[PDB]
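Chains as they are written, first to last, in the deposited numbering: chain D, 123 to 153; chain C, 278 to 339. From the three backbone atoms N, C-alpha and C, an ideal C-beta is built for every residue, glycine too.
This is how it looks when you write it as structure tokens:
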């Protein structure tokens, strides 16, 4: 029951650590 | 300003990987400027609207 995150061209392969940095700030409210 | 290109933009972008890797090698072995700018403009982020400008910026370091 959560909104969809903004991928912003940040693929996440299975069993692989990745870093997502979205320019938006609204997501910080969700965090 | 002529920007003619081929329709199949599938393998033409491959050379961009080699160009950026060469730029990385130059900056690592020959540090002239701060490396933050390269992180800011990442090819994977897709924000590169005009690859000609990125190529010029990379060559500008030469």
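Legend entry - Coil, strand or helix - residue 124 (chain D) by DSSP: In the three-state reduction of the DSSP assignment, residue 124 (chain D) falls in the coil class, being assigned neither a helical nor a strand state.
Legend entry - Sufficient close CB pairs (3 or more, under 8 angstroms) joining the region 127-143 of chain D to the region 313-327 of chain C: Verdict: yes, contact present.
Inset, instruction - Scan the region 310-328 of chain C for residues whose Cβ lies nearer than 7 angstroms to a Cβ of chain D and list them as they occur along the chain. - result: Under the 7 angstroms Cβ criterion, the region 310-328 of chain C contributes 321, 322 and 323.
Legend entry - Residue range of the alpha helix (DSSP H) that includes residue 297 (chain C): Start and end: 291-306.
Inset, instruction - Answer yes or no: do residue 303 (chain C) and residue 312 (chain C) have a C-beta to C-beta separation smaller than 8 angstroms? - result: Contact flag unset, no.
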